[PDB]
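Just the one chain here, laid out as structure tokens, in the form deposited in one PDB entry.
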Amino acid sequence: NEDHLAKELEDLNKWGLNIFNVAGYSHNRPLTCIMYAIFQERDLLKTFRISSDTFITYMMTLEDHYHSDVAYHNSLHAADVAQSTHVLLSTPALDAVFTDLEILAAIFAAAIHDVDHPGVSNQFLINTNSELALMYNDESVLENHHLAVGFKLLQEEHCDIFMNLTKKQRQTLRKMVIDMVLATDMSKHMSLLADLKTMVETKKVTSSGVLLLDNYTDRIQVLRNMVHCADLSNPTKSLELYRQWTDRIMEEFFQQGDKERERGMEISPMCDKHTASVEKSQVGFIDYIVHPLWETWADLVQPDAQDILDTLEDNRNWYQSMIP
């Protein structure tokens, strides 16, 4: 088992590490397992003076706060987004661009970004007058909640993985994590993409092909988009992995649609299992959301995302060919 897990972790720094296999070989603790691996790999425990005890205590508690009975927004998804963010941070076009604190913040944001997800959408929470929608005035309702839970868990006994950060680093990391988790709210997608396109249109690059990100606004705009890209990365993975993600999201969608139907509500797009095409839903998702984003990211970091973008396009056309 340990040999199988070690073999899978040979792909720790690669797009398309098989996180499903990691879950299997870690007795369904993919988030704790992959986060420990990532933090060891980047020397983050040493740099930020985090004991293994504190880190594994926090991570196990965080993972326990992902719901195992939701089909998609469980800790496997979190583990995938964290590992994908870890890969994106090391894209050669971003060499030496981000600080250690920014790296830490992004990976942490990815790990916590869907914690305590109920397996329904923001629109569902708003339209059912949820306590969470009330608390956050319908504004990034889930994403605010994920932040609330992920941060509060830091206050549990032996859980404050940021204890040895400086005061300013703690404040700045909090702000950055907030920015990156809120950037996973799909209501912010068009704004984020507009800003990414602006950065591409005005990009500055060194002689070595590395992006120049002078001011803090540009830096956080790239990091926000990076975590959003990782969140939206399933269609950019090898087809055998993408198909497993699609199976999981459609299970979660159909379950929400059943709740909507039983409440006498209008069923959300793609959530009616008696009429929904899984394949049409994926092609629309890619055409309207994922491909505009990832093509723009690819342009920002060219040529480093070329195989990722080609895989996305190939998967899109494969799904389109499977439409009934």
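Basically, rigid core = biggest C-alpha set you can superpose within 1.5 Å across the two forms. Numbering starts at 1 and runs along the sequence shown. Only residues modelled in both forms are compared.
Keep in mind that the form deposited in another entry is missing from the display, and what follows is about it.
With the two forms aligned on the rigid core, which of the residues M59, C271, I38, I286 moves its CA by 2 Å or more between this form and the one not shown? Result of the superposition: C271 is the only one at 2 Å or more.
My question is whether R49 is one of the residues whose C-alpha shifts by 2 Å or more between this form and the one not shown, given a fit on the rigid core. No, shifts by less than 2 Å.
Using a superposition on the rigid core, decide whether the Cα position of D69 changes by 2 angstroms or more between this form and the one not shown. The answer is no, as the C-alpha of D69 shifts between this form and the one not shown by less than 2 Å after core alignment.
Do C271 and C229 have their C-alpha atoms closer or farther apart in the other form than here, with the shift being 3 angstroms or more? Here the pair is closer than in the other form; there, farther apart.
Return the sequence-ordered list of stretches, each of 3 or more consecutive shared residues, in which all C-alpha shifts are 2 angstroms or more between this form and the one not shown following rigid core superposition. Three-plus residue run displaced between this form and the one not shown: 261-272, uniquely.
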